[PDB]
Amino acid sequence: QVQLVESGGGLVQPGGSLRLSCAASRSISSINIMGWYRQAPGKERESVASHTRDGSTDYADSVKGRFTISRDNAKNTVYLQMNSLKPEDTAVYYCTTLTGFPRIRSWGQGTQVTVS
């Protein structure tokens, strides 16, 4: 599988911004899907954003316009730029990849984001 190391995160004021980063232990250019999930307290974990090799992206409705997922092939890193943050964005965020046949899903450690 892929070892995924997240960084960034922490506390931010409402309407502020934060950038999460997730570094992969292998070349991301051959990783089909990279993405972010999150689990807010009391809720089930949900997909936030995903990004394929050719740049196709999808987003949870509640973050469209505010979040942007992107890749940096030189650093083997996927990013989640989160602007205009709201208290409902408070959650543990999880980096993830899905690639190969068999389709193997890998997970980062989880990063707390607090908007208050």
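Quick note: we count residues from 1 along the sequence shown, nothing fancier.
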Averaging CA B factors per stretch from the PDB record, which one is higher: 57-65 or 31-39?
57-65
Which is higher on mean Cα B factor in this entry, 11-19 or 90-98?
11-19
Considering only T77, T52, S84, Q81, which residue's Cα atom bears the greatest B-factor as recorded?
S84
Comparing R71 with the other modelled residues of its chain, is its CA B-factor in the lowest, middle or highest third?
lowest
Going by what the PDB entry lists, where does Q112 fall on CA B-factor within its chain: lowest, middle or highest third?
middle
